[PDB]
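Enquirer: Build the 3D model from these lines:
(chains A, B, C, D, E, F, G, H and I, ligands or ions: 2)
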Amino acid sequence: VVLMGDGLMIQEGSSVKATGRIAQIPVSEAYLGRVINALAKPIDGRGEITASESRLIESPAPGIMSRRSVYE
Amino acid sequence: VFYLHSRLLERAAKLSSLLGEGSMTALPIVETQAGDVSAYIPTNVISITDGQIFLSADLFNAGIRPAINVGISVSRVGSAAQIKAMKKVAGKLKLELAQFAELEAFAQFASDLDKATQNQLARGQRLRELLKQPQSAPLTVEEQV
Amino acid sequence: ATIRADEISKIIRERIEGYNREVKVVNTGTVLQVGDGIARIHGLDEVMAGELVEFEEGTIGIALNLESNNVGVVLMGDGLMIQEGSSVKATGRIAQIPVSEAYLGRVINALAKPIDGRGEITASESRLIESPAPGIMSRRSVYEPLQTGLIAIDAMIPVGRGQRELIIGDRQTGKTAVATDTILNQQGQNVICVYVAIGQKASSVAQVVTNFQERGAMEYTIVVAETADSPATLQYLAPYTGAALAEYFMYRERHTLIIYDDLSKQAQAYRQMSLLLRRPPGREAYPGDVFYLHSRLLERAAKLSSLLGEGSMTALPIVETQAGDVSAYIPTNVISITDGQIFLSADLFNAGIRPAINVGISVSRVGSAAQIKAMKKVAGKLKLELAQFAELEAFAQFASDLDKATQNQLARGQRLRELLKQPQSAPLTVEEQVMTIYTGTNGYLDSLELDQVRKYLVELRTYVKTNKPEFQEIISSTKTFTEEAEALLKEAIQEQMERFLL
Amino acid sequence: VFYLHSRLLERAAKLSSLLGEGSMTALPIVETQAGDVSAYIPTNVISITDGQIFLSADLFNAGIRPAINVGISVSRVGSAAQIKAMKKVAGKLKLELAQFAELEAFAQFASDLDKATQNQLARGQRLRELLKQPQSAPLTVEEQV
Amino acid sequence: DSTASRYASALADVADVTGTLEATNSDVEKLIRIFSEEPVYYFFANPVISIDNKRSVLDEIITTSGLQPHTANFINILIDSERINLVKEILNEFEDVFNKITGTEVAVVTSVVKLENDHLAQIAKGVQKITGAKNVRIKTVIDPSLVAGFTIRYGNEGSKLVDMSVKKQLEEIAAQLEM
Amino acid sequence: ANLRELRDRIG
Amino acid sequence: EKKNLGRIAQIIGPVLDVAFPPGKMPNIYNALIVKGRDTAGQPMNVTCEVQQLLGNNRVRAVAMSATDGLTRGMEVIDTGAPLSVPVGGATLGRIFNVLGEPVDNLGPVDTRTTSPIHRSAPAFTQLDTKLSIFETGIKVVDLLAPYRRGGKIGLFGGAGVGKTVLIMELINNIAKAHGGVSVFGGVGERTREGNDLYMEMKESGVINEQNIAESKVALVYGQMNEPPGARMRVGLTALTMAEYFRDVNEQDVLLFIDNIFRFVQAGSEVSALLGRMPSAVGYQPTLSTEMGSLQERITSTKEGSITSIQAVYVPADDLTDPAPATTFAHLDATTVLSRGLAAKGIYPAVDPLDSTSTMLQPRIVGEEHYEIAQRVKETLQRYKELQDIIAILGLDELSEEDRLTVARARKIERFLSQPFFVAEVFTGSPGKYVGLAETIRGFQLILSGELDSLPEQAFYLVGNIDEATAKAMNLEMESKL
Amino acid sequence: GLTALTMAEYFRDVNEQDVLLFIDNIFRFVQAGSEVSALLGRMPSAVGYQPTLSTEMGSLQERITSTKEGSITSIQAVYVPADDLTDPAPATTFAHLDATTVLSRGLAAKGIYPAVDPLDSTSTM
Amino acid sequence: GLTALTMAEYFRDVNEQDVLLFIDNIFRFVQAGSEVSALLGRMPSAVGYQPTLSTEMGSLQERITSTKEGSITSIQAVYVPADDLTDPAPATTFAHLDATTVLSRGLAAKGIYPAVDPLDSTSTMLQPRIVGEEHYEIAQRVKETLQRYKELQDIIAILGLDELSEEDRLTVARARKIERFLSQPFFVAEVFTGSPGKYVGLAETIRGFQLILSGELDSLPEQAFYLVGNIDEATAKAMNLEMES
Ligand SMILES: Nc1ncnc2c1ncn2[C@@H]1O[C@H](COP(=O)(O)OP(=O)(O)OP(=O)(O)O)[C@@H](O)[C@H]1O
Ligand SMILES: Nc1ncnc2c1ncn2[C@@H]1O[C@H](COP(=O)(O)OP(=O)(O)O)[C@@H](O)[C@H]1O
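Expert: Residues are numbered from 1 along each chain as shown, chains lettered A, B, ... in the order given. Ligands and ions are numbered 1, 2, ... in the order given. You can find the structure just below:
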C-alpha cells in the first residue's frame, strides 16, 4: 500500500483494517472561495465544507455519445 | 504514466446537450528542460492534448510578454473556438504575422529592400507590439477585436 | 535466486515418493514455464547442448541452457500450443538440416521444410547447421572472377569466387536489385546460388522468386525465406541453414554463391532474443555477441585448396544503414568482418544514377586477382578517369582550366556516368562489359549526346553481338584484350557510328 | 566514489599552530576522455579539490607549453599562497589575462581597430609569449618576479 | 507462492495420495520442535557441515522418533537440494495447506476469560457455516488486552474479522471526534 | 549538458 | 470454452496473474474474461489476454479494461480462443472498441460471425505477386505518388491540413469507384476527435445513418482513456474486420490506421509493464516482430486486397528513430500534406515533390506515365527554384523558356487541385472523380503547348481537362460580356 | 542540513526574530541520499538519484518558511553538476526558490566575477 | 593472446633474443572476455563490458616488457567500435601503450593513405634528448601548422579560403602541402594503387618537411606531394606535371 501520510508510528505488527471504499471526496457547491488539499479538506482554516453528495476520485470519462463538438 | 495522464485529461469534455451542455476545459502545464520537447512526459502530454501553447525564454527575455511562440503553437479545434467577430480580424492578423515571420531575416537589410517588403516588415514589428501584455490585465473580447 | 523453475509441486511430489532409485527420465521431459522464445524442461538428463527436441504440438526446439534440474530450450517457432506439462522428446541429433542436390528450385523456411507447396524434398541427412569454418591450411587465395553482370561492380569493385563482399546502403537504394542481378547473371557458369531472405516482407520475397522463375534462375537457386511475421529465432537461424545448404555443394567441388539479405535484421532478431533472455546489452542494446554472430556465419565463405576439391562460397551480405550511417555498430561489424564493401547511396539512387555505387568509398581486397586480363587492361583507364571526375564534379561547379576540363569532364565523366547506369534485372556478359568500357574510357564516346549515349551503347552492343562473332570468340577464349579484338572493335564502332548517325 | 575521493583528499590539510604547523599538499591527476569534463569522476573530483589546472591538448599542439588553460583553471586559495612580491606584481594578472583573451577573440571579426585596443592586444600577446617554459626548467621566485 | 508453500503443498499432497494425514500432522508437529531449539537447526544448516555427517544423524533422528518414511524422504531431499535453511518456514507453512486439504478453517477466538463452550461450539458452527469448513479447529487465548468480550479472526491467516469487545467505544470516539 | 550544446549549435 | 475456471493471483496495475487447475490452462494469446464485481452493486467482467505461462499452474495476462476494484480470487474464465470480434456486414457504419463491443450506443451487434484477431498471414503460395496500381481517383495521388494494391501508405501531414477530408474522399471513392469497403482503426483516438469524426462521417454520407449497413466504413476505436493492452490490440481488431471483407466477400478493402506510432507506443508500454528489458532507444525488444505480425496481414491474396493508409508520426522529427525506421520497412508509398498548399487553397493539400512512391517506375506504370510524371516534377521543381528570381527580376526579365516554364507550372500547380465529394458539403462544387487515364491525357496537353492560351484560374478546382477548357470558355465569356 | 535548519527553526519560532539561514551545497544533502539509497534497497530513479528526490528535497525546503510570527531569509548554494541546469537535483530546487541566481561559466572564463548570468537568473520580486 | 605472449616470453627470457610481437586486434581479446563474462554471471561495466576489464588488459600488457635479458617490441592493432575513441577498451589500452597511432576515417576516405591522424598520434619518444633537437623542432612546427589548420577548418568550411589573411592562407597552403606529404605508397598496397612502395628514411623525411616549412617549395602543386616520398620525388613530380601539362 502507498501511505497518504507519514508512516512513522507504524509498528511492524499493527493491524490494517480495510474499509471497502475507493477514494471518494465530498463534493458540493460550498467549495467556491475555499482552498483544499488532495482530500478536499480545508487548509485555509475557515471551517468545514458541508457537502452532501459524493464522487469517486477516479471516475470514468464521458464516452463518444455523451460528447459534442467544441464551439463555445 | 501515459495511462496516468490520459485517464485524467480525457475527463475534459463538452457534453452532449442531452446530458446538459456543460463542459470542462483542461489547461495543464508542463515544464520542459532545456526546451527538450522530445522528453518523455512532454511528448506524452502533447500526444494526449488537443493543442499546445509553447513559451520561449528567448522571447521572454527579449521583451515580448506573454512569450507565446505562435509559429509553433497549434490548436486542433481551430477557428470554431472563436466568435464570428474574431475570425474576420484573425485571418488578416495571421497572414500578416506569417509574412513577418517569413521576412524576419531581412530586418538587418531593411534599407535595401522593396517598399512592399519594408511595409510588411514595419507592419510586422508593430503588430508584434500589440501582442505584448502586462501581468494580470486580461482584455475583453471587444477590446481585443 | 531462492526460487527455481523445477520447484513446482509435481516434481517435488515425485521426488518425495521415491528418493533412492535407479532409472531417471531418460528421453521424457515435461515442459514447464513456457516463456518468451524459451521453454524450460524438467527432464532430459542425457540431452546434449545443441540437441533438437520435439514438442507435442510439433514445434522443434534446441537445448541451449542445460542447468542442474531443468534444461531451457529455445522455440523454433511460435510456441503457442505448447500445453504446460506436456512431454518433450530428444532426438539424439545435434541441429541438422537434410541436404541434397534436389533443393534447387525450392523455397525454404529456415528449417529445410518447403513453403513452396510442391511436396517434400528427398535428401540424405547430414550437414550440421553450425558447421566449423575452414582452417588456414584448408583454403587458398582467391583467383577467379564471379561476374555480377554490372559494369560498375565488374569494372571497379571486382568480386572473386571465395570472397565476402558486403552490400551496404540505405533502404530502397538497391542491394536487392544488385543481389538478384548477380544471381541472374550466373546462367552459364556452374554456380549454385542461394538467396536468404531474413526479414523481408513476404511480398518482396514473392517478387524475387517470380523474377527468378520468369528469367530461368531457379534451376540452380535455393531460396531460404523468413518473412517479417516470423519468430526472431527463425530469422536468427535462417542464414546458418542457408550457409549449411551452400556448404553441402561447396565441399563437393562446386562453386556456390550465397546472399544474406538484411543481416542487420538477423542482428535485430538476435537482439530481441538476448533481451528476452535478459542478457546484458552493450551499445545500441546489442548483446555484445553480435560480432561473433556475424563472424562465425561469414567465416564459412572460403576458397578451399586443391586437396579439398577446390570448392568455393562467395558471400554477398546486405546491411542497411540509417541515413547512410557507416559508423554505426552493425555496419562497422560487417565491414570489419568482410573483404570489402559496395556502397550504394541514396542521393545517387534517387537522383537517377540508378546502380548507385559510391565508387570512391567501396573497395574489394582481391582486385586484379579477381579480374581477368581483359577487364584489367580496359578498366584501369576507367577507374582513373572516374577518379578525376570524382573531384571535378564535387569541387569545381563549372571548372578550373575551363577549356581542358570541359574536354575532361564533359567528354569522360558525365558520359561515363550514363555508361555505367544499367537497368533493373539486366546483366551484361563480360565481352559486352569489356567492349563498353573500351568505347567509353579510351576517348571514343567523347562527342555524343547526353541522352543518346544509352541508345548508342545498346545498339552497338547488339551490333557487335550480331556482326562480330569472332570478337566474342577471342575474348571468351583467352580473356585478354589483344590488338586484333581492339582493331576490329574500332572499325566496328566506326561502322555502328555511321549507321546510327542516320 | 565522491566519498571515495573526498575522504582521501580531505587529509591534505594545514595543521594549526598547536599541532606543529605541518601540512600535506595534494596534487591529484584526473584524466579526461576527449574533453569530457561532464564525465562522472572528473566532475566529482573538481568539486572536491581546492582549485584545478586544466591542461588542454589544443594549446599543447599549438605550442603553448605548459598547456595551462588559464580562464577555466582556478586557485581557491588565491594570492594568500604567494610571497608579497608576487602579490605586488601578479595580483590583477589572471583577470586581465582573461579579459585580454576575450578581447582578442572579439577582435578577430572587427575590421578596424583603435590604438589603445591594439596596445592591449600587443601586451596580451607579449604575456602569452612570456608564460612558456621547457620541462624541468624551473624559474625561481625572483626570476618569476 | 514461496519455497515454503511449494514444499509444504508437495508434502501434503504425497500425504493425501497415501492417506496418512493424521500421521503426517503428528509428524510435522514433532518435526517443528525437533527443528526448533537452534543447535539442531544450525547443525542441519551450517553448510560447512558435510551432507554425509548430516545424513547420518538425520537417519538416527528418523529411527528414534519413529517418523513416517515419506516425511523422512522429504527431509532427505531438503538436505539434498539446499533448501534446509528454510525448514522452519516450510514446516510452519505446512499447517495452512493441511487445513486447506482437510477442509478445516482454523479460527481464533481471542477473549478475556475462558468460555463455557456451548456458545464456543456456537461460534464453531457459525464460522463453519459461513466458510464451508467441515470441522473448524477453534482456538482461544486468555488475553486480558480486550475490554469486555470476544472476537474471531477466520479466513486465510486472520483476514476476516468481527470485533465486539472494544469496537463499541471505538465508534463512540469516532462519533465524538466528528471528523 | 552536451545535447543543449548541439541544439544551440544547430540553431 | 468450458469450466476452465481461473482465480486471480496478482493484480499489479493492468497486468494480472491468474492461477488455474493443474492440467487446463490457456495458450499464449488467449482471451480470458474476469468475472469481476463492481463496488456499486452489480457484476462487470474484464477481458484479458494471456502473454506468458509462468510455471506452477499460473499465467500472466494483460487487461483490456481497467483493473480497479478487482480482488484476488475473482473467477477468471478461460475461453480457448483469442480475442474474438464480430465480423461481416453487421460491422458497418458502427463504432467498436478493442473487444468488438459497440460503443456508439445504437444498440447491439449480432455475433453471427466472430473471427480471432490473432491469426497467421496468408501463405507464400496464396500471395499475389502482381504489381497493381490502386486508383484513388485523385489526380495528384494517382499521377505523382501512385498507390499499390496490397501495400501501405504513410500520411505525414500535420494537424490542420486536409487529412480527414482526404480519408473520407478515399472511403467514398473506394465505395463508388470499386466495390470496396473501408475499416478505420483509431489507435489512441482522442475521444472528442472521435466524436467529431463520427459526426462528419454521418454527415458526409459515408456512414448512412438513415439506413445502417448501406455504409462504407467500419469504425474501431482504441482510445487514450483505455489501458495499454487495448490501445495495442485495436489495430489487430481493425485488421481482422478488414480481413473478413477481403477473405469472405472478395472486396478491395481499405484499412485506415491512425498514428501507427501509438501502436508502437502502446507496445513499449505493455513491455515495460511486463518487465522485459528495453530495446535500443527504449522501445520493446519485440519491436520489429510486433510491427511485422501486424503489417504482414495487409496484403493482396487471390481473392481481394487490403490497402492500408497509415498515419505516421516521427518522434523528434527524425526518420532514423526505431519506430519510424521500422515502419518505413513496410511503406510502399508516401503522401505529405502541405500547410502552405492548404493555406493558398490547393486542396487536396498533398505536396507534389515531397510525396514519394515506389510504384512510380516505368516497368510498373508504363513509360508514358513515368515520363510525364517526371516532366511534371521537373517543371514544379524549376518553378520552386525560380520563385526568388521572379520576386527579384520579374517574369519579364526572365528568358522565354523560363517564362513558359513558369506559366505551365502555375497551371499545373492549380490543376493538382480537386473538388471533393465529401468536401462539397461546405464548398458546393459538385465534386469529381478523375481516373488516371484522363489525368495523364490532361497533363500531356497542359505540358505540351496545346493549352497555353488559358487563364490560370481555369484549371483550378476542376477535374478532367475538358472541364478546364469549358470553364476557360466561361471565364472568357465573362470578358466578352 | 536538518540540524542547522532545526537550530534556525527555534530562533524563528520561540525567540521570534528574523533569522538568516546560510546553507552551503544542498546538492550534497541530495547526493548523500542518493549514495545511501541503493544500500537501503530502493530501486534507482532517473539518471542515478534516489526515487524520493523530490519529496526529500521538498520536506527540508518547505520547513524553511517565514511564518507570520518570525521570518527566515535563506540563501542557498546549489551545486549544478557538469554545468547541467536540467539535472534533477537543481531542477527540483528551482521550484522551491524565490529568486534564483544562476552563475555562468562563460562569464567566469572572462572575469565577469560575480559571474551571475543576467538573462538566466530571474526573480519573483 | 596469452599463448602468443608465452611463446614470445620464452625467447625473451631464456634465449635472450630481441623479440617482435605483432598482435592483430588486441581489442577482440577484450571483446571475447566480455562475451564470456556475461555468461560467467557478472554485473557488466559501463557499456556492457566486463567489470574486470582494466585488470584483464594489464595482466596481459604488463608481461610485454623489456627485461635485462631481452626485449619484446610489440605492435598491436586496437579496433575502436563505431569509431568511438572514448570507448572503454581503447581508453584502457591507451594507458598501457607508449607509442600510439590513431587512424582517421576522414583521412582514409580522402585517399590520404596511411590514414594516420597527425595530431592525435603521440609518442613518449618525441623528446629533444631522444630524437635530437632538429627532429623535435620540425615535428613541433609541423604539428603547430596542422593545429592552426584544424582550428580554422570550420571557418574555412562555411565561408571558404577567400576570407583569411595572408599569413593564415599561407598557413593553409603549407598545411595542405604537409598533409599531402604525410601520405606514402606502401609495399603491401601495390595491389591497391600501383606505383610501388617507397621506403623513406628518417633524415629524408626531416629534410622534406624542412623544405616545405622553410618556404622554398611554395610554388609547386599539392598533387606533387600526394603519394610520394623523399621530397626530391615531389619536385620531380611537379616538374613532370608542369611538363606533361
Ligand atoms: N538498377 C535499377 N534499375 C532500375 N530500377 C531499379 C534498379 N535498382 C532498383 N530499382 C528499383 O528501386 C526499387 C528499390 O530497389 P531494391 O529492391 O533494389 O532496394 P531494396 O533492397 O528493396 O531496399 P530495402 O529493401 O532496403 O527497402 C525497386 O522497386 C526497383 O524496382
Ligand atoms: N477539398 C477541400 N475543399 C475545401 N476545403 C477543404 C478541403 N479539404 C480540406 N478542407 C478544409 O480544410 C480543413 C482541414 O481540416 P481537417 O483535415 O478536418 O483537420 P484534421 O486533419 O485535423 O482532421 C477543413 O476544415 C476543411 O474545411
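
Enquirer: C-alpha from now on. contacts and neighbour counts both.
Expert: Noted.

Enquirer: so where does residue 6 fall, helix or strand?
Expert: All of this refers to chain A. In the assignment (DSSP states H and E), residue A:6 maps to no helix and no strand.

Enquirer: you looked at the wrong chain, it should be chain F
Expert: Going by DSSP H and E, residue F:6 is in helix F:3-10.

Enquirer: quick check, that helix touching chain D?
Expert: No: between helix F:3-10 and chain D, judged by Cα under 8 Å from any Cα of the partner chain, nothing touches; the nearest distance is 11.7 Å.

Enquirer: Is that helix in proximity to chain B?
Expert: Yes: legend: contact between helix F:3-10 and chain B by Cα under 8 Å from any Cα is shown at residue F:4.

Enquirer: That helix: which residues count as buried?
Expert: Of all the residues in helix F:3-10, not one is buried under the rule 16 or more other Cα atoms under 10 Å in any protein chain shown.

Enquirer: near chain I at all, that helix?
Expert: No: for helix F:3-10, no contact with chain I is found by Cα under 8 Å from any Cα; the gap never falls below 12.5 Å.

Enquirer: Can you give the contact residues for that helix?
Expert: Contact partners of helix F:3-10, identified using Cα atoms under 8 Å, 6 or more residues apart in numbering or on different chains, comprise residue B:34.

Enquirer: All the helices of the stretch 251-400 of chain G, residue numbers only.
Expert: G:260-274, G:287-295, G:322-327, G:339-343, G:362-365, G:367-392, G:400-415 (DSSP state H, counting those that start in this stretch).

Enquirer: Beyond the last one, next helix or strand please.
Expert: So that's helix G:400-415. helix G:424-427.

Enquirer: returning to that earlier point: reformat the helices of the stretch 251-400 of chain G as CSV; add mean neighbour count and distance to chain A.
Expert: Formatted as CSV, the helices of the stretch 251-400 of chain G follow (neighbours: other Cα atoms under 10 Å in any protein chain shown; distance: least, Cα to the nearest Cα, whole Å):
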stretch, mean neighbour count, distance to chain A
helix G:260-274, 21, 19
helix G:287-295, 21, 27
helix G:322-327, 20, 29
helix G:339-343, 16, 22
helix G:362-365, 14, 43
helix G:367-392, 16, 39
helix G:400-415, 19, 33
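
Enquirer: Of all those, which one comes closest to chain E?
Expert: Closest to chain E of the helices of the stretch 251-400 of chain G is helix G:260-274 (Cα to the nearest Cα; 18.7 Å).

Enquirer: any residues touching the closest one, and which ones?
Expert: So helix G:260-274 is contacted by G:15, G:187-188, G:228-229, G:231-232, G:235, G:278, G:282-284, G:287, G:290-291, G:310-314, G:323-324 (Cα under 8 Å, 6+ apart).

Enquirer: could you check the angle helix B:40-48 makes with that helix?
Expert: Using axes from the mean of the first three to the mean of the last three Cα atoms, to 10 degrees, the inter-axis angle of helix G:260-274 relative to helix B:40-48 is 130 degrees.

Enquirer: is it true that residue G:281 touches residue G:325?
Expert: No: the pair residue G:281 / residue G:325 is not scored as a contact, 11.9 Å apart, by Cα atoms under 8 Å.

Enquirer: Cross the contacts of helix G:260-274 against strands and list the overlap.
Expert: G:15, G:187-188, G:310-311 (DSSP state E).

Enquirer: Out of those, which comes closest to chain I?
Expert: residue G:15 (28.6 Å).

Enquirer: how many other residues sit next to residue 14?
Expert: All of this refers to chain A. 8 (other Cα atoms under 10 Å in any protein chain shown).

Enquirer: Switch to chain E, please.
Expert: 24.

Enquirer: Also residue G:205?
Expert: 18.

Enquirer: Just want the residue of the stretch 301-450 of chain G that's nearest ligand 2.
Expert: residue G:347 (4.5 Å; Cα to the nearest ligand atom).

Enquirer: and the residue of chain A found nearest ligand 2, what does it touch?
Expert: Of all residues in chain A, residue A:69 sits closest to ligand 2, at 12.8 Å by Cα to the nearest ligand atom. Residue A:69 makes contact with B:14, G:192, G:195-196, according to Cα under 8 Å, 6+ apart.

Enquirer: what's the answer for residue G:349, then?
Expert: Per Cα under 8 Å, 6+ apart, neighbours of residue G:349: G:161-162, G:337-339, G:341-342, G:417.

Enquirer: give me that answer again for 7 Å
Expert: By Cα atoms under 7 Å, 6 or more residues apart in numbering or on different chains, the contact set of residue G:349 is G:161-162, G:337-338, G:341-342.

Enquirer: what comes into contact with stretch A:37-45?
Expert: Contacts of stretch A:37-45 (Cα under 7 Å, 6+ apart): A:25-26, A:35-36, A:48.

Enquirer: no wait, stretch G:176-194
Expert: A:64, A:67, G:171, G:174-175, G:216-224, G:231, G:234-235, G:238, G:242, G:251-259, G:262-263.

Enquirer: That stretch and ligand 2, are they touching?
Expert: No: in terms of Cα under 6 Å from any ligand atom, no part of stretch G:176-194 sits within range of ligand 2; the closest distance is 8.2 Å.

Enquirer: for that stretch, which positions count as buried?
Expert: Buried, per 16+ other Cα under 10 Å, within stretch G:176-194: G:180-194.
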